[PDB]
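Participant: Let me begin by handing over the structure; questions about it come next.
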Amino acid sequence: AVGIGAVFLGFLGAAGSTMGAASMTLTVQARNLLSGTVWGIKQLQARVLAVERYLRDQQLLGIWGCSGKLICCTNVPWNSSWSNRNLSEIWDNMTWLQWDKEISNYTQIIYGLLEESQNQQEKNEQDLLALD
Amino acid sequence: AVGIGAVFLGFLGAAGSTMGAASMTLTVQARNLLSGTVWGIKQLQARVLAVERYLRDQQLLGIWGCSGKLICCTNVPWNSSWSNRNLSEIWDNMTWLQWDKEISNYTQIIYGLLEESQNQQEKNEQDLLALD
Amino acid sequence: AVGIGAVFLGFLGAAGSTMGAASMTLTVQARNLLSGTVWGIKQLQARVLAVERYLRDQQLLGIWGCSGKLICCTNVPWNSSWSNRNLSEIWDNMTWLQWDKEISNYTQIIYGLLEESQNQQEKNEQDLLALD
Amino acid sequence: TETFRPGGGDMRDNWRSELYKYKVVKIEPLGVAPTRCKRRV
Amino acid sequence: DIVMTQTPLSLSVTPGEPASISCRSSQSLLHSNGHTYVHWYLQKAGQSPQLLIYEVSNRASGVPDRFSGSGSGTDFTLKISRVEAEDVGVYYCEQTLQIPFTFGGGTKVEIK
Amino acid sequence: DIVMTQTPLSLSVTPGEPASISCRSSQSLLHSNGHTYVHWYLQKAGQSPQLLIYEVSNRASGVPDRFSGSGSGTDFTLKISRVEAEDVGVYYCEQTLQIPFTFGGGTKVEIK
Amino acid sequence: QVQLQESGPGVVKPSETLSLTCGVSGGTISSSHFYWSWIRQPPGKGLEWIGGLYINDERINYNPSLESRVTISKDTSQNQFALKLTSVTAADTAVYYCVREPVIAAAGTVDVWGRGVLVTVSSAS
Amino acid sequence: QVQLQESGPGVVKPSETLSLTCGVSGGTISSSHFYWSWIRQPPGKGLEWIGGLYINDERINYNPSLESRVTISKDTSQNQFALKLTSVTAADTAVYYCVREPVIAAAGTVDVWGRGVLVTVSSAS
Ligand SMILES: *[C@@H]1O[C@H](CO)[C@@H](O[C@@H]2O[C@H](CO)[C@@H](O)[C@H](O)[C@H]2NC(C)=O)[C@H](O)[C@H]1NC(C)=O
Ligand SMILES: *[C@@H]1O[C@H](CO)[C@@H](O[C@@H]2O[C@H](CO)[C@@H](O)[C@H](O)[C@H]2NC(C)=O)[C@H](O)[C@H]1NC(C)=O
Ligand SMILES: *[C@@H]1O[C@H](CO)[C@@H](O)[C@H](O)[C@H]1NC(C)=O
Ligand SMILES: *[C@@H]1O[C@H](CO)[C@@H](O)[C@H](O)[C@H]1NC(C)=O
Ligand SMILES: *[C@@H]1O[C@H](CO)[C@@H](O)[C@H](O)[C@H]1NC(C)=O
């Protein structure tokens with residue numbers, strides 16, 4: 001029939017698959033990220049650590065150009081000193097966990113580059129809107 | 001004069017009115033949704049239940065096309081097996097509490113339909129942007 | 001070389017500078033706003049006060065036209081009964097703390113004006129989309 | 001003459017010799033200022 | 001019913017001295033939307049009443065600083081700073097917070 | 001003032017063996033924006049100094065892997081992997097984290 | 001500019017009904033975001049709100065001292081604002097103000113006030 | 001390509017003032033997002049920062065060992081970067097580098113360095 005349990009995977013379902021098939025379904029890891037007298041305080045400090053580290057990822061996402069769009073292009077070019085890999089491989093050759101080792105030095109340079117590339121784009125949108 | 005207390009209602013003000021007059025003022029139920037040694041823990045588990053179930057509604061809203069727009073069209077058609085009602089009535093005949101009984105079986109089918117209709121629209125926006 | 005510690009200031013760095021130089025870098029005060037058996041409850045009620053008053057500012061921002069854009073024009077005109085100052089001064093004459101004293105009576109009139117100017121713009125976007 | 005005399009009294013006066021440099025402020029973002037641009041439709 | 005009392009009964013004011021007309025409600029008049037719904041009106045005898053001060057501590061589009069609005073919850077004062085010859089008339093306090101709209105008893109100001 | 005000390009004084013290096021020039025600050029040089037503001041410069045005698053390594057553990061747009069930057073807070077090492085004939089000169093360590101900009105004492109490398 | 005003219009009998013008998021019409025000149029009564037109200041005032045005894053109407057929801061309001069006898073209707077065939085008040089008494093001797101009130105500044109920042117018709121109840125012609 | 005030429009007296013007397021000009025060729029000194037600096041260096045004794053200037057805010061900085069006597073100005077009438085240093089001593093015998101530094105990679109990824117003018121203080125002609 002229509003509707004089967006084969007290609008409709010679950011949480012962390014495509015965790016070994018290639019990036020071109022992991023970016024097909026990103027919402028399944030997205031929605032299970034917030035919901036799911038001293039052992040009540042083990043409940044409190046487990047809850048306010050979940051809603052805190054969710055908001056922290058929603059803030060670093062927020063101050064770039066991506067409010068809730070969940071996939072978004074940007075303006076910074078890709079300097080080959082970061083990864084030096086071909087484009088035609090890294091969407092069907094590697095997998096995401098193999099990528100996260102391959103780049104982990106160069107984050108906080110990209111995250112610093114993204115904020116300035118947004119705030120430069122933000123006021124330049126205003127200067128276009130101000131003259132007209 | 002200008003500015004009267006008649007049509008400027010309060011919290012849950014239009015709760016019996018029709019949908020065409022309840023969607024006139026939706027912000028009044030919106031803004032009173034987050035703000036307003038053992039009875040301090042009755043304060044803590046009342047606060048982190050308020051900010052948690054607010055973020056849960058802001059996440060189900062977020063992964064559809066509606067970041068903070070608070071009224072937004074979408075792309076899924078309205079199958080008449082859900083409601084089978086006329087359009088010309090349900091904005092001036094019924095009221096919202098009468099609607100919530102009339103549809104409550106068919107949620108989590110609509111909420112599942114909305115995520116796939118966004119993520120299909122999300123990557124197709126990228127494939128339009130990638131070729132040019 | 002390229003990259004110096006002179007013009008790359010820190011938290012509250014331009015707090016005495018004029019508005020035309022404080023709005024150059026707004027992200028530095030933005031990102032240090034969420035992250036950074038009874039003295040653990042002094043940790044809990046310090047954390048859930050930080051994530052609560054952050055969400056409160058993200059909600060008053062959210063129900064206007066500004067989801068996460070961090071600088072955004074609006075539609076309400078500037079009545080001169082509020083400030084009565086020239087435009088050509090208040091981006092290079094005053095500073096932000098001198099501004100916050102000069103306007104603090106007139107907030108909650110502006111914050112009430114912004115919500116109605118958004119919700120009127122919100123449904124009018126739908127009425128344009130509904131006829132076509 | 002002005003005969004000064006030592007006296008301890010309240011224990012807070014010890015800690016006012018350490019916490020006189022510091023005050024605690026509340027960061028209050030989301031300001032508002034007029035300029036010449038309008039949200040285009 | 002909510003009571004709007006006006007103090008004083010009648011004032012004989014000199015041109016220039018700051019005059020004050022006070023009115024007190026039965027409860028506070030601050031609404032959640034951000035406006036204080038207390039108003040003030042001017043009426044000449046044989047003439048329809050005209051609005052002076054709406055959303056107090058803010059002037060209207062056509063009145064100068066000769067009128068002023070101040071106060072807090074349940075206490076409202078209308079202040080007439082500079083008196084002209086046209087300042088005479090009966091003033092009214094009125095609430096637009098709740099239904100119904102209740103008005104003041106009337107405060108006559110005359111010339112000396 | 002913050003002190004920039006350079007070890008060693010002078011090195012007589014063979015062409016090919018990995019050479020190391022170290023410089024130590026008075027405090028850590030990591031800033032909140034995400035860059036380590038420690039730099040390295042090459043100077044020939046009778047020639048203006050030229051930047052080699054900015055934002056260490058990342059090469060510039062025009063230098064090969066013969067130079068390298070590594071280390072942590074307060075400890076900075078410049079590593080010269082492969083020595084050429086043009087590798088001789090005086091190297092300088094310099095901080096761009098705080099004001100003022102302080103430079104190293106100078107590390108001369110010569111030929112054998 | 002909408003000018004509001006008012007009409008009615010100047011001598012109203014005891015124990016009968018009083019009918020007052022408010023002519024809407026220079027505009028229509030069905031114009032949106034306006035509050036149409038009747039306001040009475042005894043001479044030198046303060047203003048009193050009789051009732052009101054908001055056009056967009058057809059919501060007629062009255063004074064809780066006076067809900068029982070006042071019926072407010074809209075006359076679209078003559079562009080008029082209507083008042084009907086049965087069993088009129090001696091306390092109803094007042095001048096009747098027909099007031100159109102904008103609910104929002106987009107509809108208007110200053111409301112209009114009618115000329116006012118003084119209605120006194122007597123049997124003397 | 002902005003080429004920076006430097007000029008000044010090669011023999012400076014004791015207890016007088018020293019004036020050095022930095023000619024800006026191939027460009028303007030008022031070009032945005034650049035840091036204009038003077039850098040001294042005694043021969044074989046290490047580089048030393050004298051002071052600097054950022055163009056967009058007109059912010060002149062100096063060395064905290066040398067704030068007292070150095071005044072840095074901009075000569076827009078001749079497109080020059082100026083240094084004035086009074087009561088010049090024997091420790092100021094150095095070569096003066098005029099350096100334009102981009103603060104952002106959008107303005108430039110590699111700064112420029114001048115040819116450098118060696119200034120030694122003496123009374124011998
Ligand atoms: C409760 O029921 C009354 C009765 O129908 C509703 O009144 C109608 O309201 C609409 C919208 O304002 C008008 O167009 C109709 O003409 C009204 N009909 C009558 C008979 O008055 C009313 O809206 C309902 N809701 C509330 C909150 O009172
Ligand atoms: C403190 O006051 C000084 C004195 O005015 C300010 O300096 C001015 O800064 C602007 C912007 O950089 C320049 O355009 C002016 O030429 C400067 N004037 C002078 C006399 O130096 C300074 O900006 C103020 N703020 C800070 C943080 O120092
Ligand atoms: C990250 O840096 C360390 C040393 O700084 C280096 O050993 C490692 O190889 C780097 N990672 C990658 C993927 O090159
Ligand atoms: C929802 O489903 C139940 C049984 O599954 C049914 O009894 C009920 O009528 C349904 N609701 C509506 C509104 O039809
Ligand atoms: C704010 O209002 C108070 C009284 O309501 C007044 O004294 C004060 O001057 C006002 N603030 C400004 C900046 O005018």
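Every chain in the structure tokens takes a letter, A first, then B, and so on in the order presented; its residues are numbered from 1, and the ligands are numbered from 1 following the presented order.
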Among chain A, which residues does DSSP mark as alpha helix (DSSP H) when it is run on the backbone? Keep the chain and numbering as in the structure and answer as a VMD selection string.
Facilitator: chain A and resid 19 to 22 27 to 31 41 to 62 96 to 103 110 to 131
Participant: Kindly export the residues of the current selection with C-alpha atoms, as an mmCIF file, in the first residue's frame.
Facilitator:
data_model
loop_
_atom_site.group_PDB
_atom_site.id
_atom_site.type_symbol
_atom_site.label_atom_id
_atom_site.label_comp_id
_atom_site.auth_asym_id
_atom_site.auth_seq_id
_atom_site.Cartn_x
_atom_site.Cartn_y
_atom_site.Cartn_z
ATOM 1 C CA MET A 19 24.982 13.445 3.755
ATOM 2 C CA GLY A 20 22.828 13.482 0.618
ATOM 3 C CA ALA A 21 20.461 11.038 2.305
ATOM 4 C CA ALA A 22 20.753 12.462 5.819
ATOM 5 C CA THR A 27 13.176 17.080 11.007
ATOM 6 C CA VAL A 28 13.215 13.747 12.842
ATOM 7 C CA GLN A 29 16.308 14.691 14.840
ATOM 8 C CA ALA A 30 14.887 18.196 15.189
ATOM 9 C CA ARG A 31 11.571 17.513 16.899
ATOM 10 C CA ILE A 41 15.807 18.221 41.798
ATOM 11 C CA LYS A 42 17.395 15.591 39.566
ATOM 12 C CA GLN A 43 14.312 16.233 37.432
ATOM 13 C CA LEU A 44 14.669 20.021 37.572
ATOM 14 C CA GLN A 45 18.357 20.192 36.679
ATOM 15 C CA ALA A 46 17.727 17.734 33.863
ATOM 16 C CA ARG A 47 14.898 19.836 32.439
ATOM 17 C CA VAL A 48 16.510 23.277 32.626
ATOM 18 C CA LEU A 49 19.638 21.858 31.031
ATOM 19 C CA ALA A 50 17.536 20.627 28.114
ATOM 20 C CA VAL A 51 15.722 23.906 27.514
ATOM 21 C CA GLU A 52 18.940 25.866 28.005
ATOM 22 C CA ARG A 53 21.096 24.034 25.481
ATOM 23 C CA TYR A 54 18.202 24.097 23.039
ATOM 24 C CA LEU A 55 17.926 27.885 23.285
ATOM 25 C CA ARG A 56 21.694 28.201 22.914
ATOM 26 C CA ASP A 57 21.511 26.455 19.551
ATOM 27 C CA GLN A 58 18.500 28.566 18.625
ATOM 28 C CA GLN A 59 20.458 31.722 19.421
ATOM 29 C CA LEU A 60 23.590 30.903 17.408
ATOM 30 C CA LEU A 61 21.214 30.003 14.609
ATOM 31 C CA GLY A 62 19.164 33.146 15.197
ATOM 32 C CA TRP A 96 28.205 13.150 8.924
ATOM 33 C CA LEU A 97 30.210 11.693 11.809
ATOM 34 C CA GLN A 98 33.206 11.415 9.494
ATOM 35 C CA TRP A 99 32.653 15.077 8.643
ATOM 36 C CA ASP A 100 32.501 16.273 12.250
ATOM 37 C CA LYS A 101 36.019 15.004 12.902
ATOM 38 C CA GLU A 102 37.241 16.532 9.647
ATOM 39 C CA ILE A 103 36.247 20.114 10.508
ATOM 40 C CA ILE A 110 33.140 29.813 10.820
ATOM 41 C CA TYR A 111 30.803 30.758 13.672
ATOM 42 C CA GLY A 112 32.661 34.043 14.023
ATOM 43 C CA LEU A 113 32.585 34.579 10.269
ATOM 44 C CA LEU A 114 28.836 34.019 10.055
ATOM 45 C CA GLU A 115 27.848 36.725 12.549
ATOM 46 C CA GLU A 116 29.829 39.470 10.825
ATOM 47 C CA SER A 117 28.538 38.369 7.422
ATOM 48 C CA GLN A 118 24.998 38.756 8.733
ATOM 49 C CA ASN A 119 25.369 42.087 10.532
ATOM 50 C CA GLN A 120 27.102 43.564 7.496
ATOM 51 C CA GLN A 121 24.190 42.288 5.416
ATOM 52 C CA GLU A 122 21.725 43.579 8.006
ATOM 53 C CA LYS A 123 22.651 47.272 8.054
ATOM 54 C CA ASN A 124 23.278 47.274 4.290
ATOM 55 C CA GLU A 125 19.660 46.213 3.921
ATOM 56 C CA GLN A 126 18.761 49.260 6.009
ATOM 57 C CA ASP A 127 20.938 51.629 3.970
ATOM 58 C CA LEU A 128 19.162 50.395 0.849
ATOM 59 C CA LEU A 129 15.826 50.980 2.587
ATOM 60 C CA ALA A 130 16.807 54.371 4.032
ATOM 61 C CA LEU A 131 17.652 56.203 0.796
#
Participant: Please give me, as a VMD selection string, the residues lying within 7 Å of ligand 2 when counting only C-alpha atoms and all ligand atoms.
Facilitator: (chain C and resid 14 16 to 18) or (chain H and resid 57 to 59)
Participant: Write out as a PyMOL selection string each polymer residue whose atoms come within 9 Å of residue 72 of chain H, counting only C-alpha atoms; drop sequence neighbours fewer than 4 positions from it.
Facilitator: chain H and resi 51-53+60-62+81-85
Participant: Using DSSP secondary structure from the backbone, list all strand (DSSP E or B) positions within chain G, as a PyMOL selection string.
Facilitator: chain G and resi 3-7+11-12+18-25+34-41+48-54+59-62+70-75+80-85+94-102+112-113+117-121
Participant: Within 10 Å of chain C, which residues of chain H show up when using only C-alpha atoms, listed as a PyMOL selection string?
Facilitator: chain H and resi 34-35+52-54+56-57+59+61+99-105+107-113
Participant: How about saving the chosen residues, C-alpha atoms kept, as an mmCIF file, in the first residue's frame?
Facilitator:
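Contents of the output file result09.cif:
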data_model
loop_
_atom_site.group_PDB
_atom_site.id
_atom_site.type_symbol
_atom_site.label_atom_id
_atom_site.label_comp_id
_atom_site.auth_asym_id
_atom_site.auth_seq_id
_atom_site.Cartn_x
_atom_site.Cartn_y
_atom_site.Cartn_z
ATOM 1 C CA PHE H 34 42.290 50.963 7.492
ATOM 2 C CA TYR H 35 44.591 51.486 10.473
ATOM 3 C CA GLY H 52 48.093 54.453 15.442
ATOM 4 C CA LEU H 53 44.927 55.851 13.909
ATOM 5 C CA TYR H 54 41.651 54.333 12.740
ATOM 6 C CA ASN H 56 36.334 55.665 10.517
ATOM 7 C CA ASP H 57 36.195 57.040 14.074
ATOM 8 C CA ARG H 59 40.673 57.558 16.970
ATOM 9 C CA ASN H 61 46.146 55.758 19.779
ATOM 10 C CA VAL H 99 51.957 50.896 8.151
ATOM 11 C CA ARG H 100 48.398 50.808 6.803
ATOM 12 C CA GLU H 101 46.488 47.931 8.405
ATOM 13 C CA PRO H 102 43.072 46.650 7.234
ATOM 14 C CA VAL H 103 40.846 45.967 10.229
ATOM 15 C CA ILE H 104 38.680 43.538 8.222
ATOM 16 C CA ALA H 105 39.345 41.074 5.401
ATOM 17 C CA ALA H 107 39.149 45.883 3.388
ATOM 18 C CA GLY H 108 42.245 43.722 2.882
ATOM 19 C CA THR H 109 43.924 40.453 3.855
ATOM 20 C CA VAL H 110 47.570 41.619 3.777
ATOM 21 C CA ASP H 111 48.700 44.957 5.190
ATOM 22 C CA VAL H 112 51.354 47.140 3.552
ATOM 23 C CA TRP H 113 54.702 48.187 5.025
#
Participant: Could you name the residues that touch segment 10-19 of chain G at 8 Å or less, counting only C-alpha atoms, but leaving out those on the same chain fewer than 3 positions away, as a PDB file with N, CA and C atoms, in the first residue's frame?
Facilitator:
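The resulting file, part-v9.pdb, is shown below:
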ATOM      1  N   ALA G  82     -31.072  56.063  15.478  1.00  0.00           N
ATOM      2  CA  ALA G  82     -32.391  56.115  16.088  1.00  0.00           C
ATOM      3  C   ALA G  82     -32.324  55.826  17.581  1.00  0.00           C
ATOM      4  N   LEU G  83     -33.217  56.485  18.323  1.00  0.00           N
ATOM      5  CA  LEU G  83     -33.422  56.254  19.745  1.00  0.00           C
ATOM      6  C   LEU G  83     -34.920  56.133  19.980  1.00  0.00           C
ATOM      7  N   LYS G  84     -35.313  55.115  20.738  1.00  0.00           N
ATOM      8  CA  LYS G  84     -36.689  54.961  21.183  1.00  0.00           C
ATOM      9  C   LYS G  84     -36.686  54.694  22.681  1.00  0.00           C
ATOM     10  N   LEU G  85     -37.427  55.513  23.423  1.00  0.00           N
ATOM     11  CA  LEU G  85     -37.404  55.469  24.881  1.00  0.00           C
ATOM     12  C   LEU G  85     -38.831  55.593  25.392  1.00  0.00           C
ATOM     13  N   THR G  86     -39.368  54.498  25.923  1.00  0.00           N
ATOM     14  CA  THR G  86     -40.741  54.449  26.401  1.00  0.00           C
ATOM     15  C   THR G  86     -40.818  54.810  27.881  1.00  0.00           C
ATOM     16  N   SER G  87     -42.002  55.292  28.282  1.00  0.00           N
ATOM     17  CA  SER G  87     -42.333  55.703  29.654  1.00  0.00           C
ATOM     18  C   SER G  87     -41.356  56.760  30.170  1.00  0.00           C
ATOM     19  N   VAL G  88     -41.259  57.860  29.421  1.00  0.00           N
ATOM     20  CA  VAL G  88     -40.257  58.879  29.707  1.00  0.00           C
ATOM     21  C   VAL G  88     -40.672  59.683  30.941  1.00  0.00           C
ATOM     22  N   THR G  89     -39.695  59.978  31.798  1.00  0.00           N
ATOM     23  CA  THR G  89     -39.942  60.555  33.112  1.00  0.00           C
ATOM     24  C   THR G  89     -39.324  61.946  33.191  1.00  0.00           C
ATOM     25  N   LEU G 118     -32.300  69.740  22.884  1.00  0.00           N
ATOM     26  CA  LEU G 118     -32.855  69.774  24.227  1.00  0.00           C
ATOM     27  C   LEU G 118     -34.293  69.278  24.196  1.00  0.00           C
ATOM     28  N   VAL G 119     -34.562  68.211  24.941  1.00  0.00           N
ATOM     29  CA  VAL G 119     -35.889  67.619  25.022  1.00  0.00           C
ATOM     30  C   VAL G 119     -36.361  67.705  26.465  1.00  0.00           C
ATOM     31  N   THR G 120     -37.460  68.420  26.678  1.00  0.00           N
ATOM     32  CA  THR G 120     -38.087  68.552  27.984  1.00  0.00           C
ATOM     33  C   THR G 120     -39.483  67.949  27.918  1.00  0.00           C
ATOM     34  N   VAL G 121     -39.861  67.206  28.950  1.00  0.00           N
ATOM     35  CA  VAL G 121     -41.148  66.525  28.988  1.00  0.00           C
ATOM     36  C   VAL G 121     -42.147  67.417  29.725  1.00  0.00           C
ATOM     37  N   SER G 122     -43.296  67.634  29.087  1.00  0.00           N
ATOM     38  CA  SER G 122     -44.413  68.418  29.601  1.00  0.00           C
ATOM     39  C   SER G 122     -45.648  68.062  28.791  1.00  0.00           C
ATOM     40  N   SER G 123     -46.803  68.508  29.274  1.00  0.00           N
ATOM     41  CA  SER G 123     -48.039  68.444  28.509  1.00  0.00           C
ATOM     42  C   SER G 123     -48.462  69.807  27.978  1.00  0.00           C
ATOM     43  N   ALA G 124     -47.739  70.866  28.331  1.00  0.00           N
ATOM     44  CA  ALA G 124     -48.061  72.198  27.843  1.00  0.00           C
ATOM     45  C   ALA G 124     -47.571  72.373  26.410  1.00  0.00           C
ATOM     46  N   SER G 125     -48.481  72.809  25.544  1.00  0.00           N
ATOM     47  CA  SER G 125     -48.179  72.988  24.129  1.00  0.00           C
ATOM     48  C   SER G 125     -47.283  74.200  23.896  1.00  0.00           C
TER      49      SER G 125
END
Participant: Using only C-alpha atoms, I'd like every residue of chain F that has an atom within 12 Å of chain A; please write them out as a VMD selection string.
Facilitator: chain F and resid 30 to 36 55 to 65
Participant: I'd like the interatomic distance between atom CA of residue 63 of chain C and atom CA of residue 70 of chain B, to a tenth of an Å.
Facilitator: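 Calculated distance between atom CA of residue 63 of chain C and atom CA of residue 70 of chain B is 7.8 Å.
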Participant: Near chain H, meaning an atom within 9 Å, which residues of chain F appear when counting only C-alpha atoms? Write them as a ChimeraX atom specification.
Facilitator: /F:1,45,47-51,60-61,90,92,99-106
Participant: Would you export the selected residues with C-alpha atoms as a compact mmCIF listing (two decimals), in the first residue's frame, please?
Facilitator:
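So selection.txt came out as:
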# COMPACT_ATOMS: atom_id res chain seq x y z
CA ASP F 1 53.85 46.18 30.60
CA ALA F 45 68.25 42.86 7.66
CA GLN F 47 64.12 45.04 4.79
CA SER F 48 60.66 45.86 6.21
CA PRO F 49 58.95 43.11 8.27
CA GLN F 50 56.38 40.89 6.55
CA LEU F 51 53.55 38.92 8.16
CA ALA F 60 48.04 32.62 5.18
CA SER F 61 47.11 33.06 1.53
CA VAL F 90 65.02 37.62 12.25
CA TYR F 92 59.30 38.44 15.71
CA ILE F 99 46.57 47.76 23.28
CA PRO F 100 49.55 48.42 23.01
CA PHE F 101 51.18 46.12 20.50
CA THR F 102 54.34 44.62 21.99
CA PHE F 103 56.96 42.83 19.90
CA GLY F 104 59.56 40.18 20.56
CA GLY F 105 63.25 40.77 21.11
CA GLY F 106 64.20 39.09 17.83
Participant: Applying 8 Å and only C-alpha atoms, which residues near residue 15 of chain E remain after dropping the ones on its own chain fewer than 2 positions away? List them as a VMD selection string.
Facilitator: chain E and resid 13 17 82 to 85
Participant: Using only C-alpha atoms, find the residues of chain C whose closest atom to chain D is at most 6 Å away, then write them as a PyMOL selection string.
Facilitator: chain C and resi 73-75
Participant: Expressed in Å to a single decimal, how great is the separation between atom CA of residue 26 of chain H and atom CA of residue 4 of chain H?
Facilitator: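 Taking atom CA of residue 26 of chain H as the start and atom CA of residue 4 of chain H as the end point, the length is 8.6 Å.
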Participant: Neighbouring residues of residue 88 of chain E were defined as those with any atom within 8 Å, considering only C-alpha atoms; residues of the same chain fewer than 5 positions away were excluded. Please report them as a VMD selection string.
Facilitator: chain E and resid 44 108 to 111
Participant: Can you tell me how far atom CA of residue 33 of chain H sits from atom CA of residue 25 of chain C, in Å to one decimal?
Facilitator: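 According to the coordinates, atom CA of residue 33 of chain H and atom CA of residue 25 of chain C are separated by 14.4 Å.
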